[PDB]
Structure formats: C-alpha cells, structure tokens
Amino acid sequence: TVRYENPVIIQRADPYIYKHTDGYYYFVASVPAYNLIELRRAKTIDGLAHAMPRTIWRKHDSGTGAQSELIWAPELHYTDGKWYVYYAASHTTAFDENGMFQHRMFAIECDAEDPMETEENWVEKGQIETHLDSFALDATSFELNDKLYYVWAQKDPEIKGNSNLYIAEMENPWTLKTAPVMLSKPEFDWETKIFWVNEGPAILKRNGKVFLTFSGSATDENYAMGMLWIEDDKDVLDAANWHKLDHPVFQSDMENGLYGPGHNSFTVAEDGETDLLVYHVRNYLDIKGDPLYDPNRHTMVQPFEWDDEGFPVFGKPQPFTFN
C-alpha cells in the first residue's frame, strides 16, 4: 500500500511531477510570488519536501512588457531528447476591462542533460501563438501516433466564461501546426459556480483511451475536476470523438476540510506501477487580502485505481496528516 503524508509540498500551486529516465522525480509548480520557474528533484515523493530547488528562469523586469508578471503553472516536458517548460505569463498584474487576467503562453528550452545544472542552459522560445489574441494559460502536451499535441485553456470572446479547453497538433514543441479545436467549454452547474471556467488540462493514456482531466468553477470550495475521454484510435483533433462527463470526477471534501482540489497532474509511485494523482488544495475558506496573494494552496499526492471499464477512479481527497 502506497500512502503519503499530505500535504507533500507546502505552498505550491499547479503541482507537476515528472519521473525521468535517470530515476528522479522532477517537481515544478507555481511559487507564491509567481516571479520565477524553479525545479526540485528527489528519488522519492516524500524527498521532494526536503529537495533544494534551482531557479531555471526568472521573470522579466516589471514594466518591460511580455513575461514580466504572474509566472503561472509551469510544466516540465522531455520531448525528443530536449527539456521544455510550458508556462503562462502576463505583461501586467492588472485586470483588463472585463476583470480578467492578461496572460499568454510561453516556452523555455534546455538541450543540456541536467535541467537543474544552470539557468544559462535555458533559452526562451517566446510566445506560443494561437488563432485568438486572448487570455491563454495551463498548457500541456502529449504524444500519440508519433505526433505531438498541445492542450491548453483559452478565452474565446464569443463564448461565455473565462476559458475553454483546446487541442492542436504541434509543428515543433513551441509552434502549432493545426488550428485550435475546442474540446470543452464551461456549461454544467459544477463548472460554472461564481465563474464559468475550464482550465488546468492534464493528459492520461491507458486502456486504449486518452483521458483529459481539467478543473472547473472558481478557485474556492467550488473548484472541482472534470474529465473528457476518447478511444485512442480516433482522431483527437475531431471534438465529436471526445466525451465529456457531465459530473465532477474529484471534488471538495467539506467534512475533512479539503477545499477546492484542482489543477491536477499525474505520476507513478516508487514501485513503478501505482498511479498517482497530484493536485493542490486549501485547508481554510477565510481568505484575507487579495486571494491571489494568499499562498496556502498545498500540493497533495495520492494513488488512484481503475474500474472494470478501464476508467480511472479518483475517489476522495486524502485526509491531511498532522505530525
């Protein structure tokens, strides 16, 4: 039995764990100051809480334009022998005329073997351009049929809400080849609480299927995870092939004080078999000051199972450990 003492990582939001071929787990997440991208590594999940970080990229100076504010949800990918980090950044901390954030998507690249050796090894690839000149963030990527796919969240001015999930095939790891295809938009009760939101896409491949988990509603007690699925022998670029579950697959446990589990990612336990769900959560509701600067979204790690139909079973957020 695999069970970690949670929260594994204190004060880290949008957690992303990547188990590399060198035996290390690489941890990357949004830091509370949103001012840089850092990596930590350990051979165990528990080791991550005592793993000393290295900054791989610092935000540009305030007032200098793009990539100068709110460095959000970085993910570390190892694609065709090279390291890439997908992240969102804004030119400003201010809300626009519609009370929305102004992020665009970016990428950094590292050709060196050790992604933690030095930040001088990391180079900017610039903005990931889409069809729309609008709010975009939480990009991830996945491989299928020797093709590379980019999955992200983006605002459509013509669709109600903050963001919808899109897919596109990639020309290279920082450029789209095909036009964005909308896979999901906020529409059900569970994803439209306070704000209409679809974000934090995470990809999981198993049992001849492709699973796409995401987070819906506002970042408070209402924040929950949803899921889309497709048979892996179908065209992933045809939205009609993807099925959206009309209910959350993971949500708050009010009784156990686990508020708004979300912005999930996946990894595998030290046994190399047990599947792990990685997500952030809050332990209180009484946020004071600007909630953006309340740093207490903590990283949780817990195993998940599979049903007889070959679908993941996430269950409930694991209760916290008090030592």
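Note that residue numbering follows the sequence shown and begins at 1.
Student: Name the higher of the two by mean Cα B-factor in the PDB entry, 292-300 versus 262-270.
Tutor: Taking the mean C-alpha B-factor of 292-300 and of 262-270, the larger value falls to 262-270.
Student: For the higher mean C-alpha B factor in the entry, choose 159-167 or 75-83.
Tutor: Mean CA B-factor is higher for 75-83.
Student: Which of these, 140, 134, 217, 251, has its C-alpha atom at the highest B-factor, as the entry lists it?
Tutor: The listed residue with the largest C-alpha B-factor is 217.
Student: Please pick out which of 225, 182, 148, 105 has the largest Cα B-factor as recorded in the entry.
Tutor: Among 225, 182, 148, 105, the PDB entry lists the largest C-alpha B-factor for 148.
Student: Can you work out whether the C-alpha temperature factor of residue 153 puts it in the lowest, middle or highest third of the chain?
Tutor: Answer is lowest: the recorded C-alpha B-factor places it there.
Student: Using the B-factors in the PDB entry, rank residue 286's C-alpha atom against the chain and give the third, lowest, middle or highest.
Tutor: As the PDB entry reports it, the C-alpha B-factor of residue 286 lands in the highest third of its chain.
Student: C-alpha B factor of residue 101, ranked within the chain: lowest, middle or highest third?
Tutor: Ranked within chain, residue 101 CA B lands in the lowest tercile.
Student: Comparing residue 322 with the other modelled residues of its chain, is its CA B-factor in the lowest, middle or highest third?
Tutor: Its C-alpha B-factor, which the entry lists for residue 322, ranks in the middle third among residues of this chain.
Student: Rank-wise, by C-alpha B-factor, drop residue 229 into the lowest, middle or highest third of its chain.
Tutor: Ranked within chain, residue 229 CA B lands in the middle tercile.
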